[PDB]
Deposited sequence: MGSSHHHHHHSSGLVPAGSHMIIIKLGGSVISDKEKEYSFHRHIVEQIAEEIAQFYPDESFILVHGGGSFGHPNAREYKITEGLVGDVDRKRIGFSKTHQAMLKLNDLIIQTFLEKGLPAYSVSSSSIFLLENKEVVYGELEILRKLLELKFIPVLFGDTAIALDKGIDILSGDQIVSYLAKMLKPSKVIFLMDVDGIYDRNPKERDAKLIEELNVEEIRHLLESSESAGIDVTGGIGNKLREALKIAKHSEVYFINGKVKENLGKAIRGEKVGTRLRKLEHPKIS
């Protein structure tokens, strides 16, 4: 009875910010809160990618370690600024969004969460709060520092909290049989593991994490810039790309 919604990076922003679509997402959620429990995870957007790439966080604690520590902290602060933008938008619509710093509760190894703290998340959901996490800088056991993607957060949360469904808000209507740039690109309504592996053999992080998530939850990939898509996915109606739970 809990839904995890992953706000795409290109969805919420591009240091830009699309207030209108965040209001749309909040209004959509308000039609189901507080009857359903929601965890939100928002991407780095135009706030975290600048500093992460400028400081090359994914390289680890190598070379100029002092500059990399400073940039680690600056990138986290920028992500906190974006998180505040989103949280304020959600509060304005009457929804009690509450911020949870991903780097405070997660440890990384090989881009994957290998250590987590979920009790405060559980209690937040129990008191009918909407916890809002974000792709973040994170301490990595192998390379000191790394970038924890929102997809990995969602996969850890999926395998630990076993939500009812996981909804990915993307810039496209769902998963396509080819690159949507191409002219003949067709949208896959019902996704299966066969076409997922076929697509991977030729974004890929998203398909891999979705393969893992589908073990525990039903997955949706929808276009987050159209309001009714979120409600349709929450209500289980036909919308976007559906990846049913692997049985």
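Missing from the model, by position in the deposited sequence, are residues 1 to 19, 34 to 37, 226 to 236, 282 to 286.
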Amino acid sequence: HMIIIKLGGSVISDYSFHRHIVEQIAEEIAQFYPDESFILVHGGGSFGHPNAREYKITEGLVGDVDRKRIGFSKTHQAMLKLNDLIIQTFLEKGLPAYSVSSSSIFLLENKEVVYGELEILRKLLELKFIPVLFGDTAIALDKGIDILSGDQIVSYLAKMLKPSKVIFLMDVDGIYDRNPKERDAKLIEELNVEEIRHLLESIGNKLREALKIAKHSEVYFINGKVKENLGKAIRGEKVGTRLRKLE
From here on, numbers count along this sequence of modelled residues.
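In at least one third of the other compared structures of this protein with flanking residues present, residue 12 is left unmodelled.
Across the other entries compared, at least a third leave residue 202 without coordinates even though the residues on each side are present. If you average the C-alpha B-factors over 49 to 57 and over 208 to 216, the higher value belongs to 49 to 57.
Per-stretch averaging of Cα B factors for 66 to 74 and 191 to 199 places 191 to 199 on top.
Per the deposited record, the Cα B-factor of residue 239 falls in the lowest third when ranked against the other modelled residues of its chain. Ranked against the other modelled residues of its chain, the C-alpha B-factor of residue 177 as given in the entry falls in the highest third. Per-chain ranking of the deposited C-alpha B factor places residue 7 in the middle third. Residue 185 sits in the highest third of its chain by CA B factor, as recorded in the PDB entry. Ranked by C-alpha B-factor against the other modelled residues of its chain, residue 32 falls in the highest third.
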